[PDB]
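Spelled out from the first residue to the last, the chains are:
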Amino acid sequence: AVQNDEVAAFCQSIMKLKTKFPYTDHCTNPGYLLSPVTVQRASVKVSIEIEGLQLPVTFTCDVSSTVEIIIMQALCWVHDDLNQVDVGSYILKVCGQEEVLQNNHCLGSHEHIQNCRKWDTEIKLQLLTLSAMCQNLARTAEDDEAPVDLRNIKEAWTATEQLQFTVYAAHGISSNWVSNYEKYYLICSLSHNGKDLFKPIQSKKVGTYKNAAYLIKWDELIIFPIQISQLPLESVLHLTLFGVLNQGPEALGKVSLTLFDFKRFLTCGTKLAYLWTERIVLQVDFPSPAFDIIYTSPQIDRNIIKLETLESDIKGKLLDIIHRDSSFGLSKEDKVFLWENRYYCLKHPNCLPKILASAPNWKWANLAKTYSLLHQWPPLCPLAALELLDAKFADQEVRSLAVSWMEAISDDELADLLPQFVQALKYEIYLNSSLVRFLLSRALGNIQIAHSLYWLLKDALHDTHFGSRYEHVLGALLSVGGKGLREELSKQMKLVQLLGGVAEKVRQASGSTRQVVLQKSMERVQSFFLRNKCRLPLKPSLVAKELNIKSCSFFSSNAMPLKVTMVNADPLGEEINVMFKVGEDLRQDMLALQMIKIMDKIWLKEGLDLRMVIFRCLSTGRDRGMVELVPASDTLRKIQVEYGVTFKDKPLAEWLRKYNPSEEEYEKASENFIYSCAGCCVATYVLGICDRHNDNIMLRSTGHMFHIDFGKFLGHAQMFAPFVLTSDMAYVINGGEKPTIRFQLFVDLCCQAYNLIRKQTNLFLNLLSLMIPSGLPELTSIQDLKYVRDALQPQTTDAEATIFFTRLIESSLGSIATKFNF
Ligand SMILES: O=C(CSc1nc2nccnc2c(=O)n1CCc1ccccc1)Nc1nccs1
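Residues numbered from 1 in each chain as written, not as in the entry; some residues may be left out. Heavy atoms only, no water. Residues with missing side-chain atoms left out of burial classes, pairs and counts.

- The deposited coordinates, according to the entry record, derive from X-ray crystallography at 2.8700 Å resolution.

Structural data, given as structure tokens:
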């Protein structure tokens, strides 16, 4: 009745969000993906295909120069005078990939240019006009006009009535339940900011009702020692059903009711909540007076607190905690102090999460002072504001304000943070929030964000508690996306469903059968591509028209992953090679890759390029997805065995020399290793990945090292080498059997990198904190964050930290560590 109304009110606000995004505005409705940029605080050759010319013009561009001027550098090559050529209309796209470079960004900024530079591959672009550019994903006029398909009052603070409700009954219990369990009981808890207000109240233990084995009837009144006036707005009642077995009691399912609804009215009368195991209806009867109780916020306190009495004596302790890594591990006496001297910290905005976490309580009286500070507070950094969207800050005024600061973030930065933002929706108790409107707004204005949100929300649906919420959010995204986007995403969904069929069919056969099974199973995929051309879900810029069945294969390892080879719909493009894996939960692989990618962004933003391999991985359902295949790369295992057949101190060295024969070619390959290895060693330690052996590490022919398996992750239960540097690796780093200055470089890079991540301890702890609700196996507790914080040693300075990591490296070498110098 009220939840149907909430859904109605949601849709109408989404209908008026759509108004800000007309189909005519190309800015927000391009119809194509924008090639991503990562601002990085140098010459390259680019090869541009131009309409009319038989050969593409190849010239050297300044990496620093903007795409706009490179477009008319290319126009200067064809036209002696570019005054009648309508320079504005022309754009630059990557050859093969239906992604357009951003005109007002440096060429060096673009991820594609960065990648090409790393691999030393050719930058192939195409100069064209947006007329010729494919805009099939663009929204239409139809899409714009289309609708979205997914009495007397007492104010709360006066209400002295006690929070009580009678748990009445659960309906529709299963046959295997009445079999197993003898009696059932509910545990009722009341929380705000994700923390209990009072200890949970347990119900009486009751069997199924007489002459009705589908029903459990308690009909018991539960009374909490709290008045209605003491309840914060975002108060939530949790009910967990337990069942004591016949002949510890087991948690059958959870339910959460918000005590205040979306129009600030206290829940009255009978409320039905549905817990999933199978749909069980649980009835809770709240009191039902002749009057509606509404929540009203505290009266606005208007103050501008300016110059104040200052002391030196305590200012030092103040700036000590201001410049603390995070609000994690902050003791009681530290909080009371900061809270007292909060108005002095007005010149350091990024420490507001530290201040709000130091608040004595969120009592109605103490809110006017909190809101007074908040609405005179300077803007936070988007990445800092993330903390305010976590569980421990449920207040709407905090969250709404966190999202307003968040609006300052770029699409390109947001795109890689979306998993955390999707999880953050679980801490929004109301469907229609500032956060969901923010996400939907960005999705409308950027097709990469919309595309990413789709897959993330579709994975989130599998949450038994929050699956209902995400259903409405994804319905809003798909509706608002338009027919163009929808029809394309449908094709992508069908492709993965087909690739999924063959994947499990392949694994379910014998050795002989496997190769024939694949060739036969792929016929149904061949059929798909004859009636449609599909964009690759992993990288939707690539459009596959046909499958190269003769090139398709399986990787002979334990899940028997597929090697799907599709031919590009663009002849200027290159063949599409992706792996489709089934069985393994690729979400923790996704997180590891994300964390490593963010480490890379941090490093690059401080001018440290460790030449990291950053490959994609997408979960396209439960325990299945596709992984980007890095070309001309093998595992250290295969390298070690193939060149142990032919010495046994230099198998990697002689592998790199095979593909890099000249002195300068081997030099650049050895150098690539040094940098990439340093980055891997740092990442291995900080994220705690102790399953790093010859199979789990991979090496590109260009010299770049990278991890592939992330089964062990946040496993900081290690006995006192985190990472391993074998004699093979050391030989490549040194360029010899005796230590050189190249090892000093490796050690310098490691420590320098380590420290740049230590500087962003807060970000990493926030990013890992927000992924705890995901259900990833290692990430289950805040304690699991402490392990990462301990690895980052925020207490120590860069001097001591360098000494620590340098001792990690000396330990890493192990037996052969004797040869090097302390
Ligand atoms: O050349 C390769 C590299 S093999 C690989 N690359 C990866 N790249 C990124 C992430 N994960 C992996 C990965 O798991 N493997 C397979 C690991 C393996 C190795 C030997 C036996 C069983 C399993 N791919 C191709 N590009 C074009 C054609 S083929």
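**With respect to the overall build of the chain**
Thought 1: Each helix and strand in the chain was counted, giving 28 helices and 26 strands.
Thought 2: Whereas a compact globule of 822 residues would reach a radius of gyration of roughly 28 Å, the chain reaches 30 Å, a difference of no more than 12%.
Thought 3: The principal-axis extent of the C-alpha atoms belonging to the chain is close to 85 × 70 × 70 Å. (Helix = DSSP H or I, 4+ residues; strand = E, 2+ residues; numbered from the N terminus. Rg over C-alpha atoms; globule rule 2.2 N^0.38 Å.)

**Describing the domain arrangement of the chain**
Thought 1: For the chain, the assigned domains read domain 1 (1-1 + 300-485), domain 2 (26-141) and domain 3 (152-294).
Thought 2: A separation of 29 Å is found between the C-alpha centroids of domain 1 and domain 3.
Thought 3: Taken together, the contact pairs twelve residues of domain 1 with 15 residues of domain 3.
Thought 4: When the buried surface of domain 1 facing domain 3 is broken down by residue, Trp 364, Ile 429 and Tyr 430 rank first, second and third, together holding 39% of it.
Thought 5: Across the domain 1-domain 3 interface, the total number found is zero salt bridges.
Thought 6: Here domain 1 and domain 3 share four residue pairs in polar contact between them. (Domains from an automatic or database assignment. Contact = heavy atoms within 4.5 Å. Buried area = accessible area lost by both parts, 1.4 Å probe. Salt bridge = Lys/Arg side-chain N within 4 Å of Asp/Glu carboxyl O. Polar contact = N/O pair within 3.5 Å; in protein donor to acceptor, adjacent residues only side chain to side chain.)

**Quick word on the site of the ligand**
Thought 1: In the vicinity of the ligand there are 14 residues, among which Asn 577, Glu 628, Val 630, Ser 633 and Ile 708 approach most closely.
Thought 2: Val 630 has a polar backbone atom sitting 3.2 Å from a nitrogen atom of the ligand.
Thought 3: In isolation the ligand has 630 Å² of accessible area, and contact with the protein removes 79% of it.
Thought 4: For the shell around the ligand, the secondary-structure elements that each account for two or more residues are β21 (576-582) and β24 (633-635). (Near = heavy atom within 4 Å. Areas by Shrake-Rupley, 256 points an atom, 1.4 Å probe, with all protein chains shown as cover.)

**Thoughts on the packing of helix α14 (residues 434-445) against helix α15 (residues 447-460)**
Thought 1: Between α14 and α15, the least distance of the axes is 5 Å, while the angle of their chain directions is 125°. When the axes of α14 and α15 are compared, the pair comes out oblique. Crossing handedness for the pair α14 and α15: left-handed. Every residue of α15 that contacts α14 at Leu 439, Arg 442 and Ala 443 is listed here: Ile 447, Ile 449, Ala 450 and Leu 453. (Axes fitted to C-alpha atoms, helices over the stretch in contact; angles between N-to-C directions. Parallel < 35°, antiparallel > 145°, perpendicular 65-115°, else oblique. Left-handed = near helix turned anticlockwise from the far one by under 90°.)

**Notes on unusual backbone geometry**
Thought 1: Of note in the backbone geometry, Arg 611 takes a positive phi value of approximately 60° without being a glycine.
Thought 2: Secondary-structure assignment places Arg 611 in the loop between α20 (587-605) and β22 (617-619).
Thought 3: Here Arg 611 falls in the buried class, since its relative accessible area comes to 17%.
Thought 4: Located in the positive-phi region is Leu 714, a residue other than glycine, with phi close to 60°.
Thought 5: Inspection of the secondary structure assignment puts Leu 714 in the loop between β26 (705-707) and α24 (727-734). (Buried < 20%, exposed > 50% of the residue type's maximum accessible area, 1.4 Å probe, protein only.)

**Let's talk about the sheet that holds β26**
Thought 1: An order of β24-β25-β26 is seen for the three strands of this open sheet, with the pairing classed as antiparallel. The sheet terminates laterally at β24 and β26, the two strands that pair on one side only. This sheet shows a mean twist of 30° between the axes of neighbouring strands, independent of strand direction.
Thought 2: Pairing geometry for strand β25 (residues 697-700) and β26, over three bridges, is antiparallel. Bridged to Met 698 within β26 is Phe 706. (Pairing = 2+ DSSP bridges.)

**Quick notes on the side chain of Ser 47**
Thought 1: Among the structural elements, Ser 47 can be located in strand β2 (residues 43-50).
Thought 2: What makes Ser 47 buried here is its relative accessible area of 2%.
Thought 3: Those residues within four positions of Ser 47 in sequence are excluded, and the remaining contacts are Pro 56, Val 57, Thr 58, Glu 122, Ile 123, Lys 124 and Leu 125.

**Quick word on helix α25 (residues 741-758)**
Given 3.6 residues per turn, any residue in an α-helix points the same way as the ones three and four places further on.
Thought 1: For α25, spanning 18 residues, the distance from its first C-alpha to its last is 26 Å, which sits close to the expected 26 Å at 1.5 Å a residue.
Thought 2: Across the 18 residues that make up α25, a large majority, 13, are buried.
Thought 3: Capping of α25 at its N-terminal end is provided by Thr 740; its side-chain oxygen lies 3.3 Å from the backbone amide nitrogen of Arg 742. (Expected span 1.5 Å × (residues − 1).)

**Focus on the environment of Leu 770**
Thought 1: Considering the arrangement of structural elements, one finds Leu 770 in the loop between α26 (761-769) and α27 (783-792).
Thought 2: Excluding anything up to four places from it in sequence, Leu 770 contacts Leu 386, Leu 389, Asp 390, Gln 420, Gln 423, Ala 424 and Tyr 427.

**Section: the environment of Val 206**
Thought 1: Tracing the backbone through its elements, the reader meets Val 206 in the loop between β10 (195-202) and β11 (215-227).
Thought 2: We classify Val 206 as buried; its relative accessible area is 17%.
Thought 3: Sequence-wise, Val 206 and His 171 are 35 residues apart; in three dimensions their C-alpha atoms are separated by 14 Å.
Thought 4: Once residues within four sequence positions are removed from consideration, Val 206 is found in contact with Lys 183, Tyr 184, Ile 216, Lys 217 and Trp 218.

**Observations regarding the pattern of salt bridges**
Thought 1: In this structure the tally under the stated criterion is 26 salt bridges.
Thought 2: Between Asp 325 and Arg 789 there is a salt bridge; the shortest N-O distance is 2.8 Å. Side by side, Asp 325 and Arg 789 carry an identical accessibility label, which is buried.
Thought 3: Ionic pairing is found between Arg 587 and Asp 585, a salt bridge with its closest N-O pair at 3.0 Å.
Thought 4: Taken together, the shared-partner salt bridges connect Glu 111, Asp 416, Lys 597 and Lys 601 into one network.

**With respect to the environment of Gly 703**
Thought 1: With respect to the helices, strands and loops of the structure, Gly 703 is situated in the loop between β25 and β26.
Thought 2: The spacing of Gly 703 and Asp 691 is twelve residues in sequence and 22 Å in space, taken between C-alpha atoms.
Thought 3: In this view, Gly 703 contacts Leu 656, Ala 669, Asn 672, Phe 673 and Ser 676; residues no more than four positions away in its chain are not counted.

**Some points on the packing of aromatic side chains**
Aromatic ring pairs: the centre-centre distance and the angle between the two ring planes describe each pair.
Thought 1: Within the structure shown, the criterion is met by 21 aromatic pairs.
Thought 2: Taking the centre distance of 6.1 Å and the plane angle of 35° together, the rings of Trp 177 and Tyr 184 count as tilted. This pair shows no difference in class: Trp 177 is buried, exactly as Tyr 184 is.
Thought 3: A centroid spacing of 5.1 Å and a plane angle of 85° characterise the contact between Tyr 454 and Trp 455, whose relative ring orientation is edge-to-face.
Thought 4: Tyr 454 gets classed as buried once you look at its relative accessible area, which sits at 8%.
Thought 5: Judged by relative accessible area, which is 2%, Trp 455 ranks as buried.
Thought 6: In textbook terms, an aromatic cluster arises when at least three aromatic residues are bridged by ring pairs, as seen for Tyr 685, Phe 723, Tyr 754, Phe 804 and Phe 805. (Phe/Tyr/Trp six-rings, centres within 6.5 Å; stacked < 30°, edge-to-face > 60°.)

**Notes on the sheet that holds strand β8 (residues 162-171)**
Thought 1: In space, the four strands of this open sheet follow the order β11-β8-β15-β14, with antiparallel pairing throughout. Bordering the open sheet on either side are β11 and β14 (269-276), each of which pairs with just one other strand. Across the sheet, the axes of successive neighbouring strands diverge by a mean angle of 25°, strand direction being ignored.
Thought 2: Direction of pairing for β8 relative to strand β15 (residues 279-286): antiparallel, over a ladder of five bridges. Pairing of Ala 169 across the sheet is with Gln 283, part of β15.

**Concerning the pairing of strand β3 (residues 57-62)**
Along any regular strand the residues' side chains alternate between the sheet's two faces.
Thought 1: Because side chains alternate across β3, one face comprises the buried residues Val 57, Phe 59 and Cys 61, and the other comprises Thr 58, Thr 60 and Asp 62, none of which is buried.
Thought 2: Bridge count for β2 against β3 is six bridges, and the pairing is antiparallel. Each bridged residue has a counterpart across the sheet, and for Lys 45 the counterpart in β3 is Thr 60.

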